[PDB]
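We did not get these values from a lab; they are worked out from the coordinates using the rules stated. Note: ideal-geometry Cβ built from the backbone for every residue, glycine included; neighbour counts use all protein chains shown.
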Amino acid sequence: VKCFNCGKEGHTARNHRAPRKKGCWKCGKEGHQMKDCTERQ
Ligand SMILES: [Zn+2]
Ligand SMILES: [Zn+2]
């Protein structure tokens, strides 16, 4: 139930990640995620 410590069930109970999409949720890159991607923001 608790993902490592927070509590969300779909938050990977190991590193608390994978919130939405595997790429950058906007650029489609794997090197970085959605919080580490500018893409003309
Ligand atoms: Zn959580
Ligand atoms: Zn990106």
Looking at 8, 21, which is the one that is among the basic types (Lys, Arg), exposed (fewer than 13 other Cβ atoms within 10 Å of the Cβ) and either part of a loop (DSSP other than H, G, I, E, B) or free of Cβ contacts under 8 Å to residues at least 24 places away in the same chain (or both)? 21
Here is a check on your reading of the model: is residue 3 within 15 Å of ligand 2 (Cβ to nearest atom) and either among the hydrophobic types (A, V, I, L, M, F, W, C) or more than 12 Å from the chain's Cα centre (by Cα) (or both)? no
